[PDB]
file entry-v4.csv (CSV, N, CA and C atoms)
chain,number,residue,atom,x,y,z
A,4,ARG,N,153.8,29.8,140.2
A,4,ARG,CA,154.9,30.0,139.3
A,4,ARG,C,155.4,31.4,139.2
A,5,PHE,N,156.7,31.6,139.1
A,5,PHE,CA,157.3,33.0,139.0
A,5,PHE,C,156.6,33.9,138.1
A,6,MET,N,156.4,33.5,136.8
A,6,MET,CA,155.8,34.4,135.8
A,6,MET,C,154.3,34.5,135.9
A,7,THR,N,153.7,34.0,136.9
A,7,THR,CA,152.3,34.2,137.2
A,7,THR,C,152.2,35.0,138.5
A,8,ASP,N,153.3,35.6,139.0
A,8,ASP,CA,153.4,36.2,140.3
A,8,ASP,C,153.8,37.7,140.2
A,9,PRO,N,152.8,38.6,140.0
A,9,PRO,CA,153.2,40.0,139.7
A,9,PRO,C,154.1,40.5,140.8
A,10,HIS,N,153.9,40.0,142.0
A,10,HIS,CA,154.7,40.5,143.1
A,10,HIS,C,156.1,40.0,143.1
A,11,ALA,N,156.3,38.7,142.8
A,11,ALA,CA,157.7,38.2,142.6
A,11,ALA,C,158.3,38.8,141.4
A,12,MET,N,157.6,39.0,140.3
A,12,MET,CA,158.2,39.5,139.1
A,12,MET,C,158.7,40.9,139.4
A,13,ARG,N,157.9,41.7,140.1
A,13,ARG,CA,158.3,43.1,140.4
A,13,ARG,C,159.4,43.2,141.5
A,14,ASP,N,159.5,42.1,142.3
A,14,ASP,CA,160.7,42.0,143.2
A,14,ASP,C,161.9,41.8,142.5
A,15,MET,N,161.9,40.9,141.5
A,15,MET,CA,163.1,40.6,140.8
A,15,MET,C,163.6,41.7,139.9
A,16,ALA,N,162.6,42.5,139.4
A,16,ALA,CA,162.9,43.7,138.7
A,16,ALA,C,163.7,44.6,139.6
A,17,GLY,N,163.3,44.7,140.9
A,17,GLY,CA,164.0,45.4,141.9
A,17,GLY,C,165.5,45.0,141.9
A,18,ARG,N,165.7,43.7,142.1
A,18,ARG,CA,167.1,43.2,142.1
A,18,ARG,C,167.8,43.6,140.9
A,19,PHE,N,167.2,43.6,139.7
A,19,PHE,CA,167.9,43.9,138.5
A,19,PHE,C,168.2,45.4,138.4
A,20,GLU,N,167.3,46.2,139.0
A,20,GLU,CA,167.5,47.6,139.0
A,20,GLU,C,168.8,47.9,139.9
A,21,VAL,N,168.9,47.3,141.0
A,21,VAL,CA,170.0,47.4,141.9
A,21,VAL,C,171.3,47.1,141.2
A,22,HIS,N,171.3,46.0,140.4
A,22,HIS,CA,172.5,45.6,139.6
A,22,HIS,C,172.8,46.6,138.6
A,23,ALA,N,171.8,47.1,138.0
A,23,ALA,CA,172.1,48.2,137.0
A,23,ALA,C,172.8,49.3,137.7
A,24,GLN,N,172.3,49.7,138.9
A,24,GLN,CA,172.8,50.8,139.6
A,24,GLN,C,174.2,50.6,140.1
A,25,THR,N,174.5,49.3,140.5
A,25,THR,CA,175.8,49.0,141.0
A,25,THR,C,176.8,49.1,139.8
A,26,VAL,N,176.4,48.5,138.7
A,26,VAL,CA,177.4,48.5,137.6
A,26,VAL,C,177.6,49.9,137.0
A,27,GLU,N,176.5,50.7,137.0
A,27,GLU,CA,176.7,52.1,136.6
A,27,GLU,C,177.7,52.8,137.5
A,28,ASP,N,177.6,52.5,138.8
A,28,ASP,CA,178.6,53.2,139.7
A,28,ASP,C,180.0,52.7,139.5
A,29,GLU,N,180.2,51.4,139.4
A,29,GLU,CA,181.5,50.9,139.2
A,29,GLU,C,182.1,51.3,137.9
A,30,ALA,N,181.2,51.6,136.9
A,30,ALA,CA,181.8,52.1,135.6
A,30,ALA,C,182.3,53.5,135.8
A,31,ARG,N,181.7,54.3,136.5
A,31,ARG,CA,182.1,55.7,136.7
A,31,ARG,C,183.5,55.7,137.4
A,32,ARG,N,183.5,55.0,138.5
A,32,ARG,CA,184.8,54.9,139.2
A,32,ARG,C,185.9,54.3,138.3
A,33,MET,N,185.6,53.2,137.6
A,33,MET,CA,186.6,52.6,136.8
A,33,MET,C,187.0,53.5,135.6
A,34,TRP,N,186.0,54.2,135.0
A,34,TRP,CA,186.4,55.1,134.0
A,34,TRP,C,187.3,56.2,134.5
A,35,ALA,N,187.1,56.6,135.8
A,35,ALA,CA,187.9,57.7,136.4
A,35,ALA,C,189.3,57.2,136.6
A,36,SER,N,189.5,56.0,137.2
A,36,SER,CA,190.8,55.4,137.3
A,36,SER,C,191.6,55.3,136.0
A,37,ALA,N,190.8,55.2,134.9
A,37,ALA,CA,191.4,55.1,133.6
A,37,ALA,C,191.9,56.5,133.1
A,38,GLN,N,191.8,57.5,133.9
A,38,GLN,CA,192.3,58.8,133.6
A,38,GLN,C,191.5,59.4,132.4
A,54,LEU,N,192.2,55.6,124.0
A,54,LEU,CA,191.0,56.3,123.5
A,54,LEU,C,190.1,55.3,122.8
A,55,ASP,N,190.6,54.3,122.2
A,55,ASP,CA,189.8,53.2,121.6
A,55,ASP,C,189.6,52.1,122.5
A,56,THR,N,190.6,51.8,123.4
A,56,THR,CA,190.5,50.9,124.5
A,56,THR,C,189.4,51.5,125.5
A,57,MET,N,189.4,52.8,125.6
A,57,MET,CA,188.4,53.5,126.3
A,57,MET,C,187.0,53.3,125.7
A,58,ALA,N,186.9,53.3,124.4
A,58,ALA,CA,185.7,53.1,123.7
A,58,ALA,C,185.2,51.7,124.0
A,59,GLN,N,186.0,50.7,123.8
A,59,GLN,CA,185.6,49.4,124.1
A,59,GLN,C,185.0,49.2,125.4
A,60,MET,N,185.6,49.8,126.4
A,60,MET,CA,185.1,49.7,127.8
A,60,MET,C,183.8,50.4,128.0
A,61,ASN,N,183.8,51.6,127.5
A,61,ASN,CA,182.5,52.3,127.5
A,61,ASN,C,181.4,51.5,126.9
A,62,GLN,N,181.7,50.8,125.8
A,62,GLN,CA,180.7,50.1,125.1
A,62,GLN,C,180.2,48.9,125.9
A,63,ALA,N,181.2,48.1,126.3
A,63,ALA,CA,180.9,46.9,127.1
A,63,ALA,C,180.0,47.4,128.3
A,64,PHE,N,180.4,48.5,129.0
A,64,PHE,CA,179.6,48.9,130.1
A,64,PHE,C,178.1,49.2,129.8
A,65,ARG,N,177.9,49.9,128.7
A,65,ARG,CA,176.6,50.3,128.2
A,65,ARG,C,175.8,49.0,127.9
A,66,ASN,N,176.4,48.1,127.1
A,66,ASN,CA,175.8,46.9,126.8
A,66,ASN,C,175.3,46.2,128.0
A,67,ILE,N,176.1,46.2,129.1
A,67,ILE,CA,175.7,45.5,130.2
A,67,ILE,C,174.6,46.2,130.9
A,68,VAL,N,174.6,47.5,131.0
A,68,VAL,CA,173.6,48.2,131.7
A,68,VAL,C,172.3,48.1,130.9
A,69,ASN,N,172.3,48.0,129.6
A,69,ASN,CA,171.1,47.9,128.8
A,69,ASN,C,170.4,46.6,129.0
A,70,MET,N,171.2,45.5,128.9
A,70,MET,CA,170.7,44.2,129.2
A,70,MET,C,169.9,44.1,130.5
A,71,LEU,N,170.5,44.8,131.5
A,71,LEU,CA,169.9,44.7,132.8
A,71,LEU,C,168.6,45.6,132.9
A,72,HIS,N,168.6,46.7,132.1
A,72,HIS,CA,167.4,47.5,132.0
A,72,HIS,C,166.3,46.7,131.3
A,73,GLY,N,166.7,45.9,130.3
A,73,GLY,CA,165.7,45.1,129.6
A,73,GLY,C,165.0,44.2,130.5
A,74,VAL,N,165.7,43.4,131.2
A,74,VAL,CA,165.1,42.4,132.1
A,74,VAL,C,164.2,43.1,133.1
A,75,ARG,N,164.7,44.3,133.6
A,75,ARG,CA,163.9,45.1,134.5
A,75,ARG,C,162.6,45.6,133.8
A,76,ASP,N,162.7,46.1,132.6
A,76,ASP,CA,161.5,46.5,131.9
A,76,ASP,C,160.6,45.4,131.5
A,77,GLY,N,161.2,44.3,131.1
A,77,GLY,CA,160.4,43.1,130.8
A,77,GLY,C,159.6,42.5,131.9
A,78,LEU,N,160.2,42.5,133.1
A,78,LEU,CA,159.5,41.9,134.2
A,78,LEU,C,158.4,42.8,134.7
A,79,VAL,N,158.7,44.1,134.7
A,79,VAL,CA,157.6,45.1,135.0
A,79,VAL,C,156.5,45.1,133.9
A,80,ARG,N,156.8,45.0,132.6
A,80,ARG,CA,155.8,44.9,131.6
A,80,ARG,C,154.9,43.7,131.8
A,81,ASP,N,155.6,42.6,132.2
A,81,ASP,CA,154.9,41.3,132.3
A,81,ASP,C,154.0,41.2,133.5
A,82,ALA,N,154.5,41.8,134.6
A,82,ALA,CA,153.7,41.9,135.8
A,82,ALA,C,152.5,42.7,135.5
A,83,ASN,N,152.6,43.8,134.8
A,83,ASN,CA,151.4,44.6,134.4
A,83,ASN,C,150.4,43.8,133.6
A,84,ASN,N,151.0,43.2,132.5
A,84,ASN,CA,150.1,42.5,131.5
A,84,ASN,C,149.4,41.3,132.1
A,85,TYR,N,150.0,40.7,133.2
A,85,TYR,CA,149.4,39.6,133.8
A,85,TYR,C,148.2,40.2,134.6
A,86,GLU,N,148.4,41.2,135.3
A,86,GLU,CA,147.3,41.9,136.0
A,86,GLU,C,146.2,42.3,135.0
A,87,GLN,N,146.6,42.7,133.8
A,87,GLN,CA,145.7,43.1,132.7
A,87,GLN,C,144.9,41.9,132.2
A,88,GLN,N,145.5,40.7,132.0
A,88,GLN,CA,144.8,39.6,131.7
A,88,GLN,C,143.7,39.2,132.7
A,89,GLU,N,144.0,39.4,134.0
A,89,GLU,CA,143.1,39.0,135.0
A,89,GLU,C,141.9,39.9,135.0
A,90,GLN,N,142.1,41.2,135.0
A,90,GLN,CA,141.0,42.2,135.1
A,90,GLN,C,140.2,42.3,133.7
A,91,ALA,N,140.7,41.8,132.6
A,91,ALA,CA,140.0,41.8,131.4
A,91,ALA,C,139.1,40.7,131.3
A,92,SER,N,139.1,39.8,132.3
A,92,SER,CA,138.2,38.6,132.3
A,92,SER,C,137.5,38.5,133.7
A,93,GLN,N,137.4,39.6,134.4
A,93,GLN,CA,136.5,39.6,135.5
A,93,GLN,C,135.5,40.8,135.5
A,94,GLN,N,136.0,41.9,134.9
A,94,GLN,CA,135.1,43.1,134.7
A,94,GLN,C,133.8,42.7,134.0
A,95,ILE,N,132.7,42.8,134.8
A,95,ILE,CA,131.3,42.4,134.3
A,95,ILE,C,130.7,41.3,135.2
B,12,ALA,N,200.1,52.5,142.2
B,12,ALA,CA,198.9,52.3,143.1
B,12,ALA,C,197.6,52.6,142.4
B,13,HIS,N,197.7,53.4,141.3
B,13,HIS,CA,196.6,53.6,140.4
B,13,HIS,C,196.4,52.3,139.6
B,14,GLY,N,197.4,51.4,139.6
B,14,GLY,CA,197.1,50.1,139.0
B,14,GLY,C,196.4,49.2,139.9
B,15,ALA,N,196.7,49.3,141.2
B,15,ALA,CA,196.0,48.5,142.2
B,15,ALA,C,194.6,48.8,142.3
B,16,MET,N,194.2,50.1,142.1
B,16,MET,CA,192.8,50.5,142.2
B,16,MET,C,192.0,49.9,141.1
B,17,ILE,N,192.6,49.9,139.8
B,17,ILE,CA,191.9,49.4,138.7
B,17,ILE,C,191.8,47.9,138.8
B,18,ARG,N,192.8,47.2,139.2
B,18,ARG,CA,192.6,45.8,139.5
B,18,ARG,C,191.5,45.5,140.5
B,19,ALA,N,191.4,46.3,141.5
B,19,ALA,CA,190.4,46.1,142.6
B,19,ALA,C,189.0,46.3,142.1
B,20,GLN,N,188.9,47.5,141.4
B,20,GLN,CA,187.6,47.8,140.9
B,20,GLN,C,187.2,46.6,139.9
B,21,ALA,N,188.1,46.0,139.3
B,21,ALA,CA,187.8,44.9,138.4
B,21,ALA,C,187.3,43.6,139.1
B,22,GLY,N,188.0,43.3,140.2
B,22,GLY,CA,187.5,42.2,141.1
B,22,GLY,C,186.1,42.5,141.5
B,23,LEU,N,185.9,43.7,141.8
B,23,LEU,CA,184.6,44.2,142.2
B,23,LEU,C,183.5,44.0,141.1
B,24,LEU,N,183.9,44.4,139.9
B,24,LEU,CA,183.0,44.2,138.8
B,24,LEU,C,182.8,42.7,138.6
B,25,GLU,N,183.8,41.9,138.7
B,25,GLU,CA,183.6,40.5,138.5
B,25,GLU,C,182.7,39.9,139.6
B,26,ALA,N,182.7,40.4,140.8
B,26,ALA,CA,181.7,39.9,141.8
B,26,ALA,C,180.3,40.2,141.4
B,27,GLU,N,180.1,41.4,140.7
B,27,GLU,CA,178.8,41.8,140.3
B,27,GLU,C,178.3,40.9,139.3
B,28,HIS,N,179.2,40.6,138.3
B,28,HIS,CA,178.9,39.7,137.2
B,28,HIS,C,178.3,38.4,137.9
B,29,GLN,N,179.0,37.8,138.8
B,29,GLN,CA,178.6,36.6,139.4
B,29,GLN,C,177.3,36.7,140.1
B,30,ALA,N,177.1,37.9,140.7
B,30,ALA,CA,175.8,38.1,141.5
B,30,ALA,C,174.7,38.2,140.5
B,31,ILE,N,174.9,38.7,139.3
B,31,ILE,CA,173.9,38.8,138.3
B,31,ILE,C,173.5,37.5,137.7
B,32,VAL,N,174.5,36.6,137.5
B,32,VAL,CA,174.2,35.2,137.0
B,32,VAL,C,173.4,34.5,138.0
B,33,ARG,N,173.7,34.6,139.3
B,33,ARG,CA,172.8,34.0,140.3
B,33,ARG,C,171.4,34.5,140.2
B,34,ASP,N,171.2,35.8,139.9
B,34,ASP,CA,169.9,36.3,139.8
B,34,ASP,C,169.2,35.9,138.5
B,35,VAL,N,169.9,35.9,137.4
B,35,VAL,CA,169.4,35.4,136.1
B,35,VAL,C,168.9,33.9,136.3
B,36,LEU,N,169.7,33.1,137.0
B,36,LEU,CA,169.3,31.8,137.3
B,36,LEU,C,168.0,31.7,138.1
B,37,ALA,N,167.9,32.6,139.1
B,37,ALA,CA,166.7,32.7,140.0
B,37,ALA,C,165.5,33.2,139.2
B,38,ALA,N,165.8,34.0,138.2
B,38,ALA,CA,164.7,34.5,137.3
B,38,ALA,C,164.7,33.8,136.0
B,39,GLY,N,165.1,32.5,136.0
B,39,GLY,CA,165.3,31.8,134.7
B,39,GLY,C,164.0,31.7,134.0
B,40,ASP,N,162.8,31.6,134.6
B,40,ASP,CA,161.5,31.4,133.9
B,40,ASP,C,161.3,32.6,133.0
B,41,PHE,N,161.8,33.8,133.3
B,41,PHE,CA,161.7,34.9,132.4
B,41,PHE,C,162.1,34.6,131.0
B,42,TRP,N,163.1,33.7,130.8
B,42,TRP,CA,163.6,33.3,129.5
B,42,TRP,C,163.0,32.0,129.1
B,43,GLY,N,162.0,31.5,129.7
B,43,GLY,CA,161.4,30.3,129.5
B,43,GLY,C,162.2,29.1,130.0
B,44,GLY,N,162.8,29.3,131.2
B,44,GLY,CA,163.6,28.3,131.8
B,44,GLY,C,165.1,28.8,132.0
B,45,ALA,N,165.7,28.4,133.1
B,45,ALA,CA,167.1,28.8,133.3
B,45,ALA,C,168.0,28.1,132.3
B,46,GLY,N,167.6,27.0,131.8
B,46,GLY,CA,168.4,26.2,130.8
B,46,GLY,C,168.0,26.5,129.4
B,47,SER,N,167.0,27.3,129.1
B,47,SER,CA,166.6,27.7,127.8
B,47,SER,C,167.8,28.4,127.0
B,48,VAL,N,167.9,28.1,125.7
B,48,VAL,CA,168.9,28.7,124.9
B,48,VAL,C,168.7,30.3,124.9
B,49,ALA,N,167.6,30.8,125.3
B,49,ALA,CA,167.4,32.2,125.4
B,49,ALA,C,168.1,32.7,126.7
B,50,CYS,N,168.0,31.9,127.7
B,50,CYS,CA,168.7,32.3,129.0
B,50,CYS,C,170.3,32.2,128.8
B,51,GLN,N,170.7,31.1,128.2
B,51,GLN,CA,172.1,30.9,128.1
B,51,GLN,C,172.8,31.9,127.2
B,52,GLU,N,172.1,32.4,126.2
B,52,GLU,CA,172.6,33.4,125.3
B,52,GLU,C,172.7,34.7,126.0
B,53,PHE,N,171.7,35.0,126.9
B,53,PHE,CA,171.8,36.2,127.7
B,53,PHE,C,173.0,36.2,128.6
B,54,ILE,N,173.2,35.0,129.2
B,54,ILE,CA,174.4,34.8,130.0
B,54,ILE,C,175.7,34.9,129.2
B,55,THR,N,175.8,34.3,128.1
B,55,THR,CA,176.9,34.3,127.3
B,55,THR,C,177.3,35.7,126.8
B,56,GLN,N,176.3,36.5,126.5
B,56,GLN,CA,176.5,37.9,126.0
B,56,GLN,C,176.9,38.7,127.2
B,57,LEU,N,176.5,38.4,128.4
B,57,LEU,CA,176.8,39.1,129.6
B,57,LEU,C,178.3,38.9,129.9
B,58,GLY,N,178.7,37.6,129.8
B,58,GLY,CA,180.1,37.3,130.0
B,58,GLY,C,181.0,38.0,129.0
B,59,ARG,N,180.6,38.1,127.7
B,59,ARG,CA,181.4,38.7,126.7
B,59,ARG,C,181.8,40.1,127.0
B,60,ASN,N,180.8,40.9,127.5
B,60,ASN,CA,181.0,42.2,127.9
B,60,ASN,C,181.9,42.4,129.2
B,61,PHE,N,181.7,41.5,130.2
B,61,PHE,CA,182.5,41.6,131.4
B,61,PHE,C,183.9,41.3,131.0
B,62,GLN,N,184.1,40.3,130.1
B,62,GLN,CA,185.4,39.9,129.7
B,62,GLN,C,186.2,41.0,129.1
B,63,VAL,N,185.5,41.8,128.3
B,63,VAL,CA,186.2,42.9,127.7
B,63,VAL,C,186.8,43.8,128.7
B,64,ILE,N,185.9,44.2,129.7
B,64,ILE,CA,186.3,45.1,130.7
B,64,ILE,C,187.4,44.6,131.5
B,65,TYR,N,187.2,43.3,132.0
B,65,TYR,CA,188.2,42.6,132.7
B,65,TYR,C,189.5,42.6,132.0
B,66,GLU,N,189.5,42.2,130.7
B,66,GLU,CA,190.8,42.2,130.0
B,66,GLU,C,191.5,43.5,130.1
B,67,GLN,N,190.9,44.6,129.7
B,67,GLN,CA,191.6,45.9,129.6
B,67,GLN,C,192.0,46.4,131.0
B,68,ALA,N,191.4,45.9,132.0
B,68,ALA,CA,191.8,46.3,133.4
B,68,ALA,C,193.0,45.5,133.8
B,69,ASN,N,193.3,44.4,133.2
B,69,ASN,CA,194.4,43.5,133.5
B,69,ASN,C,195.4,43.3,132.3

call {"tool": "encode", "arguments": {"input": "entry-v4.csv", "output": "structure tokens"}}
result
Amino acid sequence: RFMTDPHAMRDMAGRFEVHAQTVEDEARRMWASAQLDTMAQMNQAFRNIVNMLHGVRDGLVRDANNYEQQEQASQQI
Amino acid sequence: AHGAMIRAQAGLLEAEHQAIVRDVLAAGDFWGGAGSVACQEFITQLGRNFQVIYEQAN
């Protein structure tokens, strides 16, 4: 299962990190093409998106760690 | 032509959106299933933000 697979979980984190990176890049270009409250709304939507993608990334990494932790906490000895 | 750029960058952003939904579906178990209300809310909130950007670009 996916959530019992530290390696798959850490791979997917990768993919989500790449999406964050892509969307950060497209935001900077897009903000540039935009040359003040409409600007705020866009800036905000962009950040919201990048944060969600950071969450999944941090969540998957945390979970991959914690699963490895559950395993070693019940073998040591 | 500065309008063309913005529209294009938007199409580009919309492709990203779609690529992310395909990955959220592939990582559906993270939210306790791809069909879980946790997953669908994530998606719904994702669309709300892309919609904002899309709108103001068009």

call {"tool": "select_by_dssp", "arguments": {"input": "entry-v4.csv", "residues": "chain A", "states": "alpha helix (DSSP H)", "output": "JSON, numbers by chain"}}
result
{"A": [9, 10, 11, 12, 13, 14, 15, 16, 17, 18, 19, 20, 21, 22, 23, 24, 25, 26, 27, 28, 29, 30, 31, 32, 33, 34, 35, 36, 55, 56, 57, 58, 59, 60, 61, 62, 63, 64, 65, 66, 67, 68, 69, 70, 71, 72, 73, 74, 75, 76, 77, 78, 79, 80, 81, 82, 83, 84, 85, 86, 87, 88, 89, 90]}

call {"tool": "atom_distance", "arguments": {"input": "entry-v4.csv", "atom1": "atom CA of residue 24 of chain A", "atom2": "atom CA of residue 87 of chain A"}}
result
29.0 Å

call {"tool": "interface_residues", "arguments": {"input": "entry-v4.csv", "of": "chain B", "to": "chain A", "cutoff": "7 Å", "atoms": "only N, CA and C atoms", "output": "PyMOL selection string"}}
result
chain B and resi 13+16-17+20+24+40-41+57+59-61+63-64

call {"tool": "residues_around", "arguments": {"input": "entry-v4.csv", "residues": "residue 13 of chain A", "least_positions_apart": "4", "cutoff": "6.5 Å", "atoms": "all atoms listed in the file", "output": "number ranges by chain"}}
result
A: 8-9, 17-18, 78-79, 82

call {"tool": "atom_distance", "arguments": {"input": "entry-v4.csv", "atom1": "atom CA of residue 58 of chain B", "atom2": "atom CA of residue 18 of chain B"}}
result
17.9 Å

call {"tool": "atom_distance", "arguments": {"input": "entry-v4.csv", "atom1": "atom N of residue 83 of chain A", "atom2": "atom N of residue 39 of chain B"}}
result
16.9 Å

call {"tool": "closest_residue", "arguments": {"input": "entry-v4.csv", "among": "B:14, B:38, B:21, B:28", "to": "residue 56 of chain B", "atoms": "only C-alpha atoms"}}
result
B:28

call {"tool": "build_atoms", "arguments": {"input": "entry-v4.csv", "residues": "segment 30-44 of chain B", "atoms": "N, CA, C and O atoms", "output": "PDB file, in the coordinates of the input"}}
result
ATOM      1  N   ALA B  30     177.100  37.900 140.700  1.00  0.00           N
ATOM      2  CA  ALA B  30     175.800  38.100 141.500  1.00  0.00           C
ATOM      3  C   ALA B  30     174.700  38.200 140.500  1.00  0.00           C
ATOM      4  O   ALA B  30     173.585  37.692 140.811  1.00  0.00           O
ATOM      5  N   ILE B  31     174.900  38.700 139.300  1.00  0.00           N
ATOM      6  CA  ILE B  31     173.900  38.800 138.300  1.00  0.00           C
ATOM      7  C   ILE B  31     173.500  37.500 137.700  1.00  0.00           C
ATOM      8  O   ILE B  31     172.348  37.198 137.428  1.00  0.00           O
ATOM      9  N   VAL B  32     174.500  36.600 137.500  1.00  0.00           N
ATOM     10  CA  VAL B  32     174.200  35.200 137.000  1.00  0.00           C
ATOM     11  C   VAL B  32     173.400  34.500 138.000  1.00  0.00           C
ATOM     12  O   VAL B  32     172.424  33.832 137.649  1.00  0.00           O
ATOM     13  N   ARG B  33     173.700  34.600 139.300  1.00  0.00           N
ATOM     14  CA  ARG B  33     172.800  34.000 140.300  1.00  0.00           C
ATOM     15  C   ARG B  33     171.400  34.500 140.200  1.00  0.00           C
ATOM     16  O   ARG B  33     170.424  33.749 140.427  1.00  0.00           O
ATOM     17  N   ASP B  34     171.200  35.800 139.900  1.00  0.00           N
ATOM     18  CA  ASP B  34     169.900  36.300 139.800  1.00  0.00           C
ATOM     19  C   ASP B  34     169.200  35.900 138.500  1.00  0.00           C
ATOM     20  O   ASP B  34     168.000  35.666 138.447  1.00  0.00           O
ATOM     21  N   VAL B  35     169.900  35.900 137.400  1.00  0.00           N
ATOM     22  CA  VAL B  35     169.400  35.400 136.100  1.00  0.00           C
ATOM     23  C   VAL B  35     168.900  33.900 136.300  1.00  0.00           C
ATOM     24  O   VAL B  35     167.857  33.585 135.736  1.00  0.00           O
ATOM     25  N   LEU B  36     169.700  33.100 137.000  1.00  0.00           N
ATOM     26  CA  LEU B  36     169.300  31.800 137.300  1.00  0.00           C
ATOM     27  C   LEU B  36     168.000  31.700 138.100  1.00  0.00           C
ATOM     28  O   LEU B  36     167.090  30.979 137.882  1.00  0.00           O
ATOM     29  N   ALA B  37     167.900  32.600 139.100  1.00  0.00           N
ATOM     30  CA  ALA B  37     166.700  32.700 140.000  1.00  0.00           C
ATOM     31  C   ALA B  37     165.500  33.200 139.200  1.00  0.00           C
ATOM     32  O   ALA B  37     164.397  32.731 139.392  1.00  0.00           O
ATOM     33  N   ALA B  38     165.800  34.000 138.200  1.00  0.00           N
ATOM     34  CA  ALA B  38     164.700  34.500 137.300  1.00  0.00           C
ATOM     35  C   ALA B  38     164.700  33.800 136.000  1.00  0.00           C
ATOM     36  O   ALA B  38     164.291  34.308 134.927  1.00  0.00           O
ATOM     37  N   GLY B  39     165.100  32.500 136.000  1.00  0.00           N
ATOM     38  CA  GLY B  39     165.300  31.800 134.700  1.00  0.00           C
ATOM     39  C   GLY B  39     164.000  31.700 134.000  1.00  0.00           C
ATOM     40  O   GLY B  39     164.045  31.658 132.722  1.00  0.00           O
ATOM     41  N   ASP B  40     162.800  31.600 134.600  1.00  0.00           N
ATOM     42  CA  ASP B  40     161.500  31.400 133.900  1.00  0.00           C
ATOM     43  C   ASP B  40     161.300  32.600 133.000  1.00  0.00           C
ATOM     44  O   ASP B  40     160.625  32.425 131.963  1.00  0.00           O
ATOM     45  N   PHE B  41     161.800  33.800 133.300  1.00  0.00           N
ATOM     46  CA  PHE B  41     161.700  34.900 132.400  1.00  0.00           C
ATOM     47  C   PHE B  41     162.100  34.600 131.000  1.00  0.00           C
ATOM     48  O   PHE B  41     161.643  35.110 129.979  1.00  0.00           O
ATOM     49  N   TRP B  42     163.100  33.700 130.800  1.00  0.00           N
ATOM     50  CA  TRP B  42     163.600  33.300 129.500  1.00  0.00           C
ATOM     51  C   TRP B  42     163.000  32.000 129.100  1.00  0.00           C
ATOM     52  O   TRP B  42     163.579  31.395 128.131  1.00  0.00           O
ATOM     53  N   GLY B  43     162.000  31.500 129.700  1.00  0.00           N
ATOM     54  CA  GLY B  43     161.400  30.300 129.500  1.00  0.00           C
ATOM     55  C   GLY B  43     162.200  29.100 130.000  1.00  0.00           C
ATOM     56  O   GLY B  43     162.422  28.098 129.317  1.00  0.00           O
ATOM     57  N   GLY B  44     162.800  29.300 131.200  1.00  0.00           N
ATOM     58  CA  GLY B  44     163.600  28.300 131.800  1.00  0.00           C
ATOM     59  C   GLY B  44     165.100  28.800 132.000  1.00  0.00           C
ATOM     60  O   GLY B  44     165.560  29.471 131.096  1.00  0.00           O
TER      61      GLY B  44
END
